[PDB]
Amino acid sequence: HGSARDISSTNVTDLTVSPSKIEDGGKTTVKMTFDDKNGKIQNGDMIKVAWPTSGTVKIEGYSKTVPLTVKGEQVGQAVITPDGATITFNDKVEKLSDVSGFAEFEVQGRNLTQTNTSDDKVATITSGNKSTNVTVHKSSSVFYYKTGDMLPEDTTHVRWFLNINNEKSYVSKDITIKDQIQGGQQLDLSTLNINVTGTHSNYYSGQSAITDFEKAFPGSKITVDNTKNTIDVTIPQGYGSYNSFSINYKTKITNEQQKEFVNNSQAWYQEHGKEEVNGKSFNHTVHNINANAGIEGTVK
């Protein structure tokens, strides 16, 4: 083996990113194709896919590891990281002739400077001699809404956010949130944490996150059933008023092949001056990351 040979400039034939126009924090798919027309692929050879990691635009590759297989035999590996993508070939690729393949993976585009100056919002993804462009457009809230995403550095977990009383308005009754986490994922209790902003501004994190919250706010109860994957939040009207409650938590993925991860929640609240909300649905769905890699060759 020895040192890894960068064969991106010689072997890469096409690099395409679709869609070419995305919003801030949007997802887009990158495809890289290669063949051994210009040079025979050897053991230890690597193909690199590079993109901007800092500046005006940021591209973050969702962490995935996809094997390159010919007739059940693994001949290569596709490793995607938040800062780069690498295609590494082993000794089993040397027995193959007329070799051709591809690497398809999803990335996240970010507009860091938040700009509309055309050239700054364009992210250039490169692989050898091939280059392609991605346009990343730059970025009042309701009382309660629920959202979530998957981190580019960690694909095994799905983040969830329970944003309660976002405008810090006075409330006439006790705020009740009944959350239900659907199948294909398991709640990690240690990754809870609650962020409170307003009159009672404090951040509660760690193992004692629930205990410290219930002590600082008497009457409050974050009931967690780990087996049933349900979180029941009760906040008294005295502490619910003039305060914003952001409840985060991570869910470990048990079903790898599952395409959608769903979280459901019902809300009971009434802003003083507004109509009473009685069990209105506030649901969110997070899509799983798609990554595929194929390779063809003749054993001869």
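Don't overthink the numbering: it's just position in the shown sequence, from 1.
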> According to the PDB entry, how many deposited residues between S139 and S140 are absent from the model (none, 1 to 3, 4 to 9, 10 or more)?
Replying inline: 4 to 9
> When the C-alpha temperature factors are averaged for each of 262 to 270 and 65 to 73, which stretch ends up with the higher value in the entry?
Replying inline: 65 to 73
>> Mean Cα B factor from the PDB record: higher for 112 to 120, or higher for 223 to 231?
In response: 112 to 120
> Which one of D83, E104, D188, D179 shows the biggest C-alpha B-factor in the PDB entry?
Replying inline: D188
> Which of these has the highest Cα B-factor in the record: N255, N248, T29, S54?
Replying inline: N255
> Within this chain, which third does the Cα B-factor at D174 fall in: lowest, middle or highest?
Replying inline: lowest
> What third of its chain, lowest, middle or highest, does the C-alpha temperature factor of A216 fall into?
Replying inline: highest
>> Could you place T33 in the lowest, middle or highest third of its chain by Cα temperature factor, using the values in the record?
In response: lowest
> Which third of the chain does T16 land in by C-alpha B-factor: lowest, middle or highest?
Replying inline: lowest
>> Ranking every modelled residue in this chain by its Cα temperature factor as given in the entry, which third contains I210?
In response: middle
